[PDB]
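Scroll down for the structure; my scribbles are underneath it.
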Amino acid sequence: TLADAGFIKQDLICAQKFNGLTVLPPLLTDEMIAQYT
Amino acid sequence: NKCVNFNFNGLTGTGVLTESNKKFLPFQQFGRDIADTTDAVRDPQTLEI
Amino acid sequence: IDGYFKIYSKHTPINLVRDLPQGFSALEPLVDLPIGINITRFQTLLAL
Amino acid sequence: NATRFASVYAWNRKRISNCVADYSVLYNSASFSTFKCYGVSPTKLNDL
Amino acid sequence: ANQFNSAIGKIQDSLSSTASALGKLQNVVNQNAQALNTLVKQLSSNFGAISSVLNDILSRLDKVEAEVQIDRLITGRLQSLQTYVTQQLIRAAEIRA
Ligand SMILES: *[C@@H]1O[C@H](CO)[C@@H](O)[C@H](O)[C@H]1NC(C)=O
């Protein structure tokens with residue numbers, strides 16, 4: 001149960017964002033990984 | 001909804017302000033985030049949160 | 001504490017014939033008064 | 001500006017509460033020879 | 001075929017039921033969450049300054065008197081980042097392997 005992955009912010013992770021801590025999105029999405037798989 | 005150099009009672013900073021839905025009890029005036037930072041305030045002239 | 005005296009309170013219904021209730025609930029602040037005196041003893045008052 | 005201050009062993013304490021301060025009166029008054037603060041700077045006293 | 005099909009079925013019946021399987025992945029995620037939560041929580045320290053809130057210094061003190069307190073917060077916070085980025089690097093060598 002992931003605590004965020006960068007899926008559109010528009011809680012630990014509100015505090016993180018407000019202190020410049022940002023989770024970045026991975027290059028290959030879980031769909032593209034499922035496709036290579 | 002505008003970014004502003006806020007202050008309330010001496011709680012200075014810079015931020016965007018918004019109307020809360022949080023039900024404070026009558027004695028309460030600040031709220032705090034998981035960080036130990038403020039995240040909500042009762043306005044000292046008009047008692048909305 | 002250090003020049004200040006304060007009282008919190010809670011009220012709840014229960015049905016225990018001779019006991020203090022099993023469960024959990026919290027006391028909200030009601031006043032603060034800067035009395036600033038040594039305090040070492042207390043006594044309750046009740047009416048007839 | 002009281003007529004008489006107290007003996008330091010018995011240093012008087014007066015509360016100040018439910019009032020608006022104007023620290024510029026004091027911070028502008030030439031009559032003091034010591035006006036030192038120890039958790040704040042005096043220019044900010046009106047701002048807090 | 002039937003043994004393979006039965007075995008694939010036992011992986012389903014396993015992974016659906018049990019609460020202990022993905023511990024190897026979950027412990028990596030748990031540390032990433034916790035290290036960010038630790039790096040957040042260090043902002044609440046004094047480092048011997050008069051506050052952990054940056055503005056409660058600046059809105060209380062003048063320029064000269066702030067520089068002591070702010071240098072204390074930089075001395076703390078900056079070590080708080082170098083610690084994390086060390087931990088993250090070392091962790092990264094565990095994951096890269
Ligand atoms: C208050 O009373 C206690 C008990 O007699 C005593 O030890 C203490 O020194 C007193 N405080 C002052 C300020 O005299």
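Identifiers in the structure tokens: chain A, B, ... in order shown; residue index from 1 per chain; ligand index from 1 in order shown.
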
List the neighbours of segment 4-20 of chain C out to 12 Å using only C-alpha atoms; skip same-chain residues closer than 4 positions along the sequence, and give me the result as a PDB file with N, CA and C atoms, in the first residue's frame.
ATOM      1  N   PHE B  27     -12.659  26.021  22.818  1.00  0.00           N
ATOM      2  CA  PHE B  27     -11.401  26.398  23.457  1.00  0.00           C
ATOM      3  C   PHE B  27     -10.205  26.438  22.503  1.00  0.00           C
TER       4      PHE B  27
ATOM      5  N   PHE C  24     -12.936   4.840  27.897  1.00  0.00           N
ATOM      6  CA  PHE C  24     -11.962   5.903  27.654  1.00  0.00           C
ATOM      7  C   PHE C  24     -12.640   7.199  27.176  1.00  0.00           C
ATOM      8  N   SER C  25     -12.374   8.339  27.823  1.00  0.00           N
ATOM      9  CA  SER C  25     -12.857   9.657  27.377  1.00  0.00           C
ATOM     10  C   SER C  25     -12.023  10.789  27.987  1.00  0.00           C
ATOM     11  N   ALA C  26     -12.008  11.973  27.369  1.00  0.00           N
ATOM     12  CA  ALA C  26     -11.023  13.026  27.636  1.00  0.00           C
ATOM     13  C   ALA C  26     -11.646  14.310  28.203  1.00  0.00           C
ATOM     14  N   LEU C  27     -10.868  15.074  28.980  1.00  0.00           N
ATOM     15  CA  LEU C  27     -11.332  16.265  29.696  1.00  0.00           C
ATOM     16  C   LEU C  27     -10.903  17.548  28.972  1.00  0.00           C
ATOM     17  N   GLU C  28     -11.856  18.404  28.604  1.00  0.00           N
ATOM     18  CA  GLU C  28     -11.596  19.641  27.855  1.00  0.00           C
ATOM     19  C   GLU C  28     -11.284  20.839  28.781  1.00  0.00           C
ATOM     20  N   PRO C  29     -10.351  21.749  28.436  1.00  0.00           N
ATOM     21  CA  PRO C  29     -10.030  22.908  29.270  1.00  0.00           C
ATOM     22  C   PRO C  29     -11.211  23.871  29.447  1.00  0.00           C
ATOM     23  N   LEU C  30     -11.392  24.408  30.660  1.00  0.00           N
ATOM     24  CA  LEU C  30     -12.515  25.289  31.022  1.00  0.00           C
ATOM     25  C   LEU C  30     -12.132  26.679  31.554  1.00  0.00           C
ATOM     26  N   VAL C  31     -11.012  26.841  32.257  1.00  0.00           N
ATOM     27  CA  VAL C  31     -10.536  28.147  32.759  1.00  0.00           C
ATOM     28  C   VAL C  31      -9.040  28.094  33.060  1.00  0.00           C
ATOM     29  N   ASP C  32      -8.405  29.263  33.128  1.00  0.00           N
ATOM     30  CA  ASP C  32      -7.059  29.458  33.668  1.00  0.00           C
ATOM     31  C   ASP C  32      -6.992  30.791  34.437  1.00  0.00           C
ATOM     32  N   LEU C  33      -6.332  30.788  35.593  1.00  0.00           N
ATOM     33  CA  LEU C  33      -6.293  31.871  36.576  1.00  0.00           C
ATOM     34  C   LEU C  33      -4.890  31.927  37.206  1.00  0.00           C
ATOM     35  N   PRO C  34      -4.146  33.029  37.060  1.00  0.00           N
ATOM     36  CA  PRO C  34      -2.785  33.101  37.557  1.00  0.00           C
ATOM     37  C   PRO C  34      -2.700  33.434  39.046  1.00  0.00           C
ATOM     38  N   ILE C  35      -2.993  32.440  39.880  1.00  0.00           N
ATOM     39  CA  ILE C  35      -3.063  32.590  41.339  1.00  0.00           C
ATOM     40  C   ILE C  35      -1.667  32.791  41.955  1.00  0.00           C
ATOM     41  N   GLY C  36      -0.695  31.965  41.562  1.00  0.00           N
ATOM     42  CA  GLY C  36       0.717  32.128  41.931  1.00  0.00           C
ATOM     43  C   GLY C  36       1.012  32.028  43.428  1.00  0.00           C
ATOM     44  N   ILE C  37       0.433  31.038  44.108  1.00  0.00           N
ATOM     45  CA  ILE C  37       0.641  30.793  45.548  1.00  0.00           C
ATOM     46  C   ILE C  37       1.033  29.359  45.802  1.00  0.00           C
ATOM     47  N   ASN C  38       1.754  29.081  46.885  1.00  0.00           N
ATOM     48  CA  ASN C  38       2.124  27.725  47.253  1.00  0.00           C
ATOM     49  C   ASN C  38       0.821  26.980  47.490  1.00  0.00           C
ATOM     50  N   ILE C  39       0.566  25.781  46.966  1.00  0.00           N
ATOM     51  CA  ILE C  39      -0.734  25.146  47.300  1.00  0.00           C
ATOM     52  C   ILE C  39      -0.333  23.735  47.718  1.00  0.00           C
TER      53      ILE C  39
ATOM     54  N   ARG D  15      -0.101  41.717  37.225  1.00  0.00           N
ATOM     55  CA  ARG D  15      -0.591  41.131  35.967  1.00  0.00           C
ATOM     56  C   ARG D  15      -0.941  42.227  34.971  1.00  0.00           C
TER      57      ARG D  15
END

Using only C-alpha atoms and a cut-off of 12 Å, which residues of chain B sit close to chain A? Please list them as JSON, numbers by chain. {"B": [14, 15, 32, 33, 34, 35, 36, 37, 38, 39]}

Polymer residues at most 12 Å from residue 23 of chain D, only C-alpha atoms, same-chain spacing of 4 or more positions, as a list in words: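 Returned residues: residues 27, 28, 29, 35, 41, 42, 43, 44, 45, 46, 47 and 48 of chain D.
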
Mind pulling up the distance from atom CA of residue 60 of chain E to atom CA of residue 45 of chain E?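 For atom CA of residue 45 of chain E relative to atom CA of residue 60 of chain E, the distance reads 18.1 Å.
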
Nearby residues (only C-alpha atoms) at most 12 Å from residue 42 of chain E, same-chain spacing under 5 positions excluded, as a list in words: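 So the residues in contact are residues 19 of chain A; 35, 36 and 37 of chain B; 35, 36, 37, 47, 52, 53, 73, 74, 76, 77, 78, 79, 80, 81, 83 and 84 of chain E.
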
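Proximity ranking of D:10, D:17, D:31, D:26 relative to ligand 1 places D:10 first, based on only C-alpha atoms and all ligand atoms.
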
Expressed in Å to a single decimal, how great is the separation between atom CA of residue 12 of chain E and atom CA of residue 2 of chain A?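 These two atoms are separated by 21.6 Å.
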
Show me, as a JSON list (two decimals) with N, CA, C and O atoms, in the first residue's frame, the residues of chain E whose atoms get within 10 Å of chain A, using only C-alpha atoms for the distance check.
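New file part34.json:
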[["chain", "number", "residue", "atom", "x", "y", "z"],
["E", 26, "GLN", "N", 8.15, -4.76, 1.18],
["E", 26, "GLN", "CA", 7.45, -3.86, 2.08],
["E", 26, "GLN", "C", 8.41, -3.16, 3.03],
["E", 26, "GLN", "O", 8.24, -1.98, 3.30],
["E", 29, "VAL", "N", 9.99, -0.11, 1.17],
["E", 29, "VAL", "CA", 9.01, 0.98, 1.13],
["E", 29, "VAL", "C", 8.86, 1.59, 2.50],
["E", 29, "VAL", "O", 8.91, 2.81, 2.64],
["E", 30, "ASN", "N", 8.74, 0.76, 3.53],
["E", 30, "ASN", "CA", 8.59, 1.21, 4.91],
["E", 30, "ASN", "C", 9.75, 2.12, 5.32],
["E", 30, "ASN", "O", 9.50, 3.17, 5.90],
["E", 32, "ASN", "N", 11.73, 3.92, 3.21],
["E", 32, "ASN", "CA", 11.62, 5.15, 2.43],
["E", 32, "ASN", "C", 10.62, 6.12, 3.06],
["E", 32, "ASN", "O", 10.91, 7.30, 3.20],
["E", 33, "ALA", "N", 9.47, 5.60, 3.48],
["E", 33, "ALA", "CA", 8.46, 6.39, 4.18],
["E", 33, "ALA", "C", 9.05, 6.94, 5.47],
["E", 33, "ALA", "O", 9.10, 8.15, 5.68],
["E", 34, "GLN", "N", 9.59, 6.07, 6.31],
["E", 34, "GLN", "CA", 10.13, 6.44, 7.61],
["E", 34, "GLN", "C", 11.29, 7.44, 7.53],
["E", 34, "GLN", "O", 11.36, 8.35, 8.35],
["E", 36, "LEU", "N", 11.83, 9.73, 5.14],
["E", 36, "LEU", "CA", 11.18, 11.01, 4.87],
["E", 36, "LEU", "C", 10.46, 11.53, 6.12],
["E", 36, "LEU", "O", 10.53, 12.72, 6.41],
["E", 37, "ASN", "N", 9.81, 10.67, 6.91],
["E", 37, "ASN", "CA", 9.12, 11.10, 8.12],
["E", 37, "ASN", "C", 10.10, 11.58, 9.18],
["E", 37, "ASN", "O", 9.84, 12.56, 9.87],
["E", 39, "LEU", "N", 13.17, 12.89, 8.42],
["E", 39, "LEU", "CA", 13.69, 14.13, 7.88],
["E", 39, "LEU", "C", 12.69, 15.27, 8.04],
["E", 39, "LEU", "O", 13.09, 16.39, 8.37],
["E", 40, "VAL", "N", 11.39, 15.01, 7.93],
["E", 40, "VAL", "CA", 10.37, 15.98, 8.36],
["E", 40, "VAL", "C", 10.53, 16.30, 9.85],
["E", 40, "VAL", "O", 10.66, 17.46, 10.22],
["E", 41, "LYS", "N", 10.55, 15.29, 10.71],
["E", 41, "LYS", "CA", 10.49, 15.50, 12.16],
["E", 41, "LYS", "C", 11.69, 16.27, 12.71],
["E", 41, "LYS", "O", 11.49, 17.03, 13.65],
["E", 43, "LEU", "N", 12.85, 18.96, 11.61],
["E", 43, "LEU", "CA", 12.50, 20.38, 11.56],
["E", 43, "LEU", "C", 11.91, 20.88, 12.88],
["E", 43, "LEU", "O", 11.89, 22.09, 13.10]]

Hey, which of D:19, D:8, D:37, D:25 ends up closest to chain E? Count only C-alpha atoms.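 Among the listed residues, the smallest separation from chain E belongs to D:37.
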
Enumerate as a PyMOL selection string the residues belonging to chain B that approach chain D to within 12 Å, with only C-alpha atoms taken into account. chain B and resi 7-12

Residues of chain D classed as alpha helix (DSSP H) by DSSP on the backbone are to be reported as an MDAnalysis selection string. chainID D and resid 23:28

Keeping only N, CA, C and O atoms, write those residues as a compact mmCIF listing (two decimals), in the first residue's frame.
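Below you can see part_17.txt, which holds the result:
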# COMPACT_ATOMS: atom_id res chain seq x y z
N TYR D 23 4.09 49.60 23.04
CA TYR D 23 5.49 49.61 23.46
C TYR D 23 6.32 50.72 22.84
O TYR D 23 7.42 50.99 23.32
N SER D 24 5.79 51.45 21.85
CA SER D 24 6.50 52.61 21.33
C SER D 24 6.58 53.71 22.39
O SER D 24 7.61 54.35 22.48
N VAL D 25 5.58 53.87 23.27
CA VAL D 25 5.62 54.88 24.34
C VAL D 25 6.88 54.73 25.19
O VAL D 25 7.67 55.67 25.35
N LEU D 26 7.11 53.51 25.66
CA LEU D 26 8.30 53.15 26.43
C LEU D 26 9.58 53.19 25.58
O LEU D 26 10.57 53.79 25.99
N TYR D 27 9.56 52.59 24.39
CA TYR D 27 10.73 52.49 23.51
C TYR D 27 11.16 53.83 22.89
O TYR D 27 12.31 53.99 22.46
N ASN D 28 10.27 54.82 22.89
CA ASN D 28 10.53 56.21 22.49
C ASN D 28 10.88 57.12 23.68
O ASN D 28 11.46 58.19 23.48
